[PDB]
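Asks: Sharing the initial chains of the complex here, in place:
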Amino acid sequence: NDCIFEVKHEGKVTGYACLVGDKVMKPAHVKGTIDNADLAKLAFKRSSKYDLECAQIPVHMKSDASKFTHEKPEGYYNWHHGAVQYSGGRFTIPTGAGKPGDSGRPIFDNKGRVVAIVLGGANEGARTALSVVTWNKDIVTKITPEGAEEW
Amino acid sequence: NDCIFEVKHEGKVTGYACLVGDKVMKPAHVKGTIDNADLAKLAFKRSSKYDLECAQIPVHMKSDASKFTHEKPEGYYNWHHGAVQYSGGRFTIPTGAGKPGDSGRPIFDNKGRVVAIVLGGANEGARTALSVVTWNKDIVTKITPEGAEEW
């Protein structure tokens, strides 16, 4: 199944921007832009509570946006380092999957649409919970495990 | 199924504590703590109206915590001494299962998640019923049948 819907930023291992719904969106705690020609021109909002940067998709890219939903049933989801389990209201993966610089990555519904963006992870036992943002009932919010690290 | 989420306290007949959800939780009518190294460090809240002692989890253990729910249909549930039946709002057992020193043990839903913790037992002939604690309507309560003895 396809996983190609990110674009990277900077000539460094420092995370990615997702093409979601009507907007490009990216983690705010990372820098250096120009690994795509649209990050060079887009005017970005940002907000300190949620660590997003957001911009409206340009006229040539309109057709290519990934679909999304606010819905989060319990169970299994997908991301670039494979299967991820959402249970007890929190996303989890085996520790050593994911790292600093693997950030701004989507989490996908098995029906092929985005439900969260990854921002970081915890190490409170070797099955890492994730710091993430999601759009519960059509408003963005951030989830952050205690002592989690920004990626 | 596994009871392995229990951690004992003291080189005595006295009991155990349970790693559940976001917290360590323990019966208050019994003492001695340090068979385990996290019970040594944690600071505990307590209430003699519910007979709990509880502490929020230390930042290396949350992956090992048992799952939990408030959901409690009529039927059969599991603990260390085998099958346990929830009926008429009571938890109940075969007579002569359980003993002093086997308080502080969790009761599991057949889907492998905690629904109550044992405190002690009442008996009337061949009828045996448990004092327990549980989180119906999202907030702790205590159940206690007539003449129950703490374990």
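Replies: Thanks, I have the structure now. Numbering: from 1, shown residues only, chains lettered A, B, ... in the order given.

Asks: ok, which residues in chain A are in contact with chain B?
Replies: Counting by Cβ under 8 Å from any Cβ of the partner chain, chain A comes close to chain B at A:87-88, A:122, A:124-127, A:129, A:145-147. (C-beta placed from N, C-alpha, C; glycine too.)

Asks: Specify the local secondary structure of residue A:137.
Replies: Of the three states, residue A:137 takes helix under DSSP: H, G, I helix; E, B strand; the rest coil.

Asks: gap between the closest residue in space to it that isn't next to it in sequence and residue A:110?
Replies: Nearest non-adjacent residue to residue A:137, counting by Cβ to Cβ, 6 or more residues apart in numbering or on different chains: residue A:70, 5.9 Å away. For residue A:70, the distance to residue A:110 equals 16 Å [Cβ to Cβ, to the nearest Å].

Asks: If the most centrally placed residue in chain A is in a bridge, with which residues?
Replies: Using Cα atoms, centre = their mean, the residue of chain A that lies closest to the mean C-alpha position is residue A:117, 2.2 Å off. Beta-bridge pairing for residue A:117 (DSSP bridges): residue A:106, residue A:133.

Asks: Strands of chain A, residue ranges please.
Replies: Applying DSSP state E to chain A gives strands spanning A:6-8, A:16-20, A:23-27, A:45-47, A:52-56, A:75-79, A:82-87, A:90-92, A:106-109, A:113-121, A:130-134, A:141-143, A:149-150.

Asks: Can you name the residues in contact with the second one?
Replies: Under the criterion Cβ atoms under 8 Å, 6 or more residues apart in numbering or on different chains, residues A:5-9, A:24-26, A:36, A:39, A:53, A:57, A:61, A:64-66, A:68, A:103-106, A:114, A:117 lie in contact with strand A:16-20.

Asks: Sort out which of those are buried, if you could.
Replies: By neighbour count, with 16 or more other Cβ atoms under 10 Å in any protein chain shown, the contacts of strand A:16-20 hold A:5-9, A:24-26, A:36, A:39, A:53, A:57, A:65-66, A:68, A:103-106, A:114, A:117 as buried.

Asks: As chain C, please add this:
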Amino acid sequence: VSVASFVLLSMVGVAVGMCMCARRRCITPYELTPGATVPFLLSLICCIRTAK
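Replies: Okay, chain C now, added to the rest:
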């Protein structure tokens, strides 16, 4: 008159400072969220849109 007109001018500046702070603390979730839309009532209050 000089100290009064300066402090009063700075205070209407600080009052206009709600657009620099209060507007963003209310409105930024509606700028961040994918595909969502702001309620019409709030759209007029913050002067943000002709529609969506």
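
Asks: try the contacts of strand A:16-20 again now we have chain C.
Replies: Counting by Cβ under 8 Å, 6+ apart, residues outside strand A:16-20 touching it are A:5-9, A:24-26, A:36, A:39, A:53, A:57, A:61, A:64-66, A:68, A:103-106, A:114, A:117, C:34.

Asks: Relative to chain C, which residue of chain A is the closest?
Replies: residue A:21 (3.3 Å; Cβ to the nearest Cβ).

Asks: Tell me which residues touch that residue, please.
Replies: Here residue A:21 is in contact with A:65-68, C:34-35 (criterion: Cβ under 8 Å, 6+ apart).

Asks: about what we covered before: from chain B, how far off is the residue nearest to the centre of chain A?
Replies: Distance of residue A:117 to chain B, given as Cβ to the nearest Cβ, to the nearest Å: 22 Å.

Asks: got it, and residue A:2?
Replies: Where chain B is concerned, residue A:2 sits at a distance of 31 Å (Cβ to the nearest Cβ).

Asks: what's the following helix or strand after whichever strand or helix holds residue C:15?
Replies: Following DSSP states H and E, the helix or strand that holds residue C:15 is helix C:2-32. Next in sequence after helix C:2-32, counting helices and strands by DSSP H and E, comes helix C:40-45.

Asks: Now tell me what touches that next one from outside.
Replies: Outside helix C:40-45, the residues touching it (Cβ under 8 Å, 6+ apart) are C:26-27, C:30, C:49, C:51-52.

Asks: Which one (most neighbours) among those residues?
Replies: For those, the largest number of neighbours (other Cβ atoms under 10 Å in any protein chain shown) sits with residue C:30, at 20 neighbours.

Asks: roughly how far apart are that residue and chain B?
Replies: For residue C:30 relative to chain B (Cβ to the nearest Cβ), the value is 30 Å.

Asks: residue contacts, the residue nearest to the centre of chain A?
Replies: A:18, A:25, A:27, A:52, A:104-107, A:132-134 are the contacts of residue A:117 under Cβ under 8 Å, 6+ apart.

Asks: taking the residues you listed as a set, which two sit the farthest apart in space?
Replies: A:52 and A:107 (15.0 Å; Cβ to Cβ).
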